Amino acid sequence: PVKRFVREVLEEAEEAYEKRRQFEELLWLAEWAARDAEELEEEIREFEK
Amino acid sequence: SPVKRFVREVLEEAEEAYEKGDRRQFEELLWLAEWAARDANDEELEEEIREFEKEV
Amino acid sequence: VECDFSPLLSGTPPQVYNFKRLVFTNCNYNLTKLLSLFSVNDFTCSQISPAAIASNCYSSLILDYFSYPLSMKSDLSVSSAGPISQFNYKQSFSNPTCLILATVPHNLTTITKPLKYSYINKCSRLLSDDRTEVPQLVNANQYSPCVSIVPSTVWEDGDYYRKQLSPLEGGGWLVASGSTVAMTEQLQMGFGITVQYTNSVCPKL
Amino acid sequence: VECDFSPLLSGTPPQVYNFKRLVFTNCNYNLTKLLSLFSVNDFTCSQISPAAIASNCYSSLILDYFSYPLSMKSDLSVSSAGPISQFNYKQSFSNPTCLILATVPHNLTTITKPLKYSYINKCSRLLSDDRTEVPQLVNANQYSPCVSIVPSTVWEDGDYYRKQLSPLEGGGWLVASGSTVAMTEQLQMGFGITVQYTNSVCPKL
Ligand SMILES: *[C@@H]1O[C@H](CO)[C@@H](O[C@@H]2O[C@H](CO)[C@@H](O)[C@H](O)[C@H]2NC(C)=O)[C@H](O)[C@H]1NC(C)=O
Ligand SMILES: *[C@@H]1O[C@H](CO)[C@@H](O[C@@H]2O[C@H](CO)[C@@H](O)[C@H](O)[C@H]2NC(C)=O)[C@H](O)[C@H]1NC(C)=O
Ligand SMILES: *[C@@H]1O[C@H](CO)[C@@H](O)[C@H](O)[C@H]1NC(C)=O
Ligand SMILES: *[C@@H]1O[C@H](CO)[C@@H](O)[C@H](O)[C@H]1NC(C)=O
């Protein structure tokens, strides 16, 4: 459900900034999805660094 | 102005409705406020309504 | 029995959008006696002459009285299209009619003035199916649909009044606006006579 | 001719957010015979009577049908405020309407059951420079903006769907959410009839 969607979005974002605006938009979408539905915010913070 | 005292009450009711979670009522209440602000020739009040929309 | 114009002089006259109506049938009237109690500032009849309004026999008589400032004498006229005829008060165009504008005299110590003069400047209906505004005009011999939300006296010049219609009623909103004119030294009233042609209502002779 | 209801009784009825619509003009209809095949569990009409829906003749008749569970009978109403009336299916309040909740009896064997019931739980448009969540509320007589990304049936209760709206489409994102309800032993269907008053859609004989 929400967790798989957020993980897929984060995996897509990982191969974008390294490959910046798209990374920022994907991270914003993941943050919105996490906020709309706990550990997801922690995963977002961990992926931020 | 008698139009600001009406739009303010409409905005308060819309804020309460959006806090309650009724999006249709919020969309309807927000329509009446801007309709009143446009009939009373008040661009300032129009901008204040837009700012209220942004803050919500 | 004489037709009794008693309610005119026994209270505060209402506003134009809350005009008070009296209906008379099978009685003898002396119209000049009523107008002699006032100071007639205007008297204009349609489909009849002011001399023959108080001399013929009629099947029925209707008198609608209200408070009306003389500074707006142009808006109260069958052939006007101001806010008074559109949203407040309209007479029938098929029967003979008359409009009278009078001023309450000093010795008439039984009529109490209101706080001010008030009227409806707009009465519109908002449709949410297309977000469209449609004005709500007033039919003859009927009250405005916005009189349920506009109070007996408008507190401020330019107020707005709202009412949400139910899904059964069609949804949307019903919105009105009020306008005010300051009270003068002497209360000024307006009367509207509608006469319909057995002619039992005959003048007193 | 005669208004044809055959597509209702052939194929699998769609979901509430993909409601299938039929338009009838200039024909003869027998609504009591269409509802005879079903076991009507609910029948609620607005601006018209349940007995008078099948009697009058209309300029046009609109019939939306979909698969709908009876357990969500509270959400499918004009006075309701659930997700069904916000993101799935909305009826116009300016025309007489009726909502019918029926059950496909086992003898009717050409209305195939879907896997399960589904509906759009949320449909938002995430803007870019404003970081604002603008909910996309469906209007009357139209489909939801999120039907392009929500599949024919939601796989799991709580799925999330995303679409990268192009900068030309406004940049940002279009996000949705799906919910599911367990399938019943007998298929349950929902109908919405909207009538528009030259009347040529008349009852037969
Ligand atoms: C109707 O009322 C008027 C008053 O408005 C009466 O008028 C007076 O009548 C007497 C007698 O004819 C005259 O002397 C007065 O000069 C009249 N006054 C005015 C102001 O005109 C009238 O008589 C009444 N009619 C009837 C039949 O009762
Ligand atoms: C419209 O449909 C209804 C329902 O099928 C028809 O009603 C039936 O008609 C038959 C034949 O007259 C009767 O034997 C049944 O008893 C009727 N059922 C009911 C519930 O009344 C009706 O005749 C149809 N009308 C037309 C014009 O075809
Ligand atoms: C009112 O009546 C009295 C009676 O004494 C009179 O003196 C006065 O002039 C009248 N006022 C008017 C006509 O305005
Ligand atoms: C289906 O129709 C048959 C034939 O009339 C009847 O025997 C049977 O009971 C019906 N089944 C139902 C569920 O109504």
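This entry, as listed in the PDB, derives from cryo-EM and reports a resolution of 3.3 Å.

J.: So what exactly am I meant to see when it comes to the overall build of chain B here?
T.: For chain B, the count of helices and strands is three helices and zero strands. When the elements of chain B are put in sequence order from the N terminus, they spell out α-α-α. Against the compact-globule benchmark of 10 Å for 56 residues, chain B has a radius of gyration of 11 Å, which places it among compact chains. Long-range contacts, defined here as pairs at least 24 residues apart, represent 43% of the contacts in chain B between residues at least 6 apart.

J.: Just to check I follow, could you spell out the arrangement of the chains for this structure?
T.: Ranking the four pairs of chains in contact by number of contacts places chains B and C first. At the level of C-alpha atoms, the two units chain A and chain B stay apart, their nearest approach being 14 Å. These two, chain A and chain C, are apart from each other, with no contact and a minimum C-alpha gap of 29 Å.

J.: Which parts of the structure should I look at to understand the domain arrangement of chain C?
T.: How big an interface is tends to be stated in terms of accessible area lost as the parts join. All names here are of chain C. When its domains are assigned, chain C resolves into domain 1 (7–113 + 184–203) and domain 2 (117–181). For domain 1 versus domain 2, the separation of C-alpha centres amounts to 26 Å. Contact with domain 1, which involves 22 residues of that partner, is made by 24 residues of domain 2. With five residues, the single largest contributor to the side of domain 1 that touches domain 2 is helix α2 (residues 83–88).

J.: Please clarify how the interface of chain C and chain B should be interpreted in this entry.
T.: Between chain C and chain B, the residue contacts involve 16 residues of the former and 17 residues of the latter. Breaking the side of chain C that touches chain B down by element, the ones donating at least two residues are β6 (117–127), β7 (132–135), β8 (160–164) and β9 (173–181) of chain C. Broken down by class, the residue content of the side of chain C that touches chain B amounts to five nonpolar, four polar and seven charged.

J.: Quick question: what am I supposed to make of the environment of B:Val7 here?
T.: Residues and elements named next belong to chain B. The topology assignment puts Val7 in helix α1 (residues 4–20). A C-alpha to C-alpha distance of 5.1 Å links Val7 and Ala33, two positions 26 residues apart in sequence. Not counting the four nearest positions on each side in its chain, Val7 is found in contact with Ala33, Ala36, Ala37, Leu45 and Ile49.

J.: Looking at this structure, how should I read the interface of chain A and chain D?
T.: Chain A puts ten residues into the contact, and the matching count from chain D is eleven residues. Per element, the largest residue contribution to the side of chain A that touches chain D is six residues, and it comes from helix α2 (residues 21–36) of chain A. A per-class count over the side of chain A that touches chain D returns eight nonpolar, no polar and two charged.

J.: Help me out: how do you make sense of the packing of aromatic side chains in this one?
T.: When we look at a pair of aromatic rings, we describe it by the centre distance and by the angle of the planes. All names here are of chain D. Look at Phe38 and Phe191: their rings are 5.3 Å apart centre to centre, the planes differ by 50°, and that puts the pair in the tilted class. In this pair, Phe38 is assigned in the loop between α1 (31–34) and β3 (42–46) and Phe191 in strand β10 (residues 188–196), connecting sequence segments 153 residues apart. Here the guanidinium or amino end of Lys90 rests over the ring plane of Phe93, the centre of that ring lying 4.5 Å away.

J.: For this particular structure, what's the right way to read helix α3 (residues 43–55) of chain B?
T.: Residues spaced three or four apart along an α-helix face the same direction, because each turn holds 3.6 residues. Taking 1.5 Å per residue, 13 residues should reach 18 Å; α3(B) reaches 18 Å between its end C-alpha atoms and fits that length. The residue sitting at the N-terminus of α3(B) and contributing the capping side-chain oxygen is B:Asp42; that oxygen lies 2.7 Å from the backbone nitrogen of B:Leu45.

J.: Sorry, what's going on with the pairing of β6(C) here?
T.: Side-chain direction in a regular strand flips from residue to residue, so the side chains alternate between the two faces of the sheet. Residues and elements named next belong to chain C. Of the strand pairs in this sheet, β6 and β9 are connected by nine bridges, and their pairing is antiparallel. The partner of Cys123 across the bridge, within β9, is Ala176. Between β6 and the antiparallel strand that follows it, β7, lie four residues; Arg131 among them carries a positive phi value of about 55°.

J.: Looking at this structure, how should I read the pattern of salt bridges?
T.: Close approach of charged atoms allows side chains with opposite charge to pair. For B:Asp39, the salt bridge identified is with C:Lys122, shortest N-O distance 3.1 Å. Taken together, the positions of B:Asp39 in helix α2 (residues 23–39) and C:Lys122 in strand β6 put the pair across two chains. D:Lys122 is paired through a salt bridge with D:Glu133; the nearest N and O atoms lie 3.5 Å apart. With D:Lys122 in strand β6 (residues 117–126) and D:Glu133 in strand β7 (residues 133–135), this pair connects stretches of sequence that are eleven residues apart. Salt bridges sharing partners connect three or more residues here, namely A:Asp36, D:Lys122 and D:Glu133.

J.: Can you help me understand the sheet that holds β6(D) in this one?
T.: What holds strands together in a sheet is hydrogen bonding between their backbones, with the strands either parallel or antiparallel. In spatial order, the strands read β7-β6-β9-β8 (chain D); together these four strands make up an open sheet with antiparallel pairing. Edge positions in the sheet fall to β7 and β8 (160–163) of chain D, since each of these pairs with one other strand and no more. Each strand of the sheet is rotated relative to its neighbour by a mean of 30°, with strand direction disregarded. Of the strands in this sheet, β6, β7, β8 and β9 (173–181) of chain D touch α2(A), which is tilted by about 130° from β6(D).

Reading the values: the criteria
- Residues numbered from 1 in each chain as written, not as in the entry; some residues may be left out.
- Chains lettered and ligands numbered in written order.
- Heavy atoms only, no water.
- Residues with missing side-chain atoms left out of burial classes, pairs and counts.
- Helix = DSSP H or I, 4+ residues; strand = E, 2+ residues; numbered from the N terminus.
- Rg over C-alpha atoms; globule rule 2.2 N^0.38 Å.
- Contact = heavy atoms within 4.5 Å.
- Domains from an automatic or database assignment.
- Nonpolar A, V, L, I, M, F, W, Y, C, P; charged D, E, K, R; others polar.
- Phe/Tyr/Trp six-rings, centres within 6.5 Å; stacked < 30°, edge-to-face > 60°.
- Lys NZ or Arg CZ within 6 Å of the ring centre and 35° of its normal.
- Expected span 1.5 Å × (residues − 1).
- Polar contact = N/O pair within 3.5 Å; in protein donor to acceptor, adjacent residues only side chain to side chain.
- Pairing = 2+ DSSP bridges.
- Salt bridge = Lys/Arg side-chain N within 4 Å of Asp/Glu carboxyl O.
- Axes fitted to C-alpha atoms, helices over the stretch in contact; angles between N-to-C directions.

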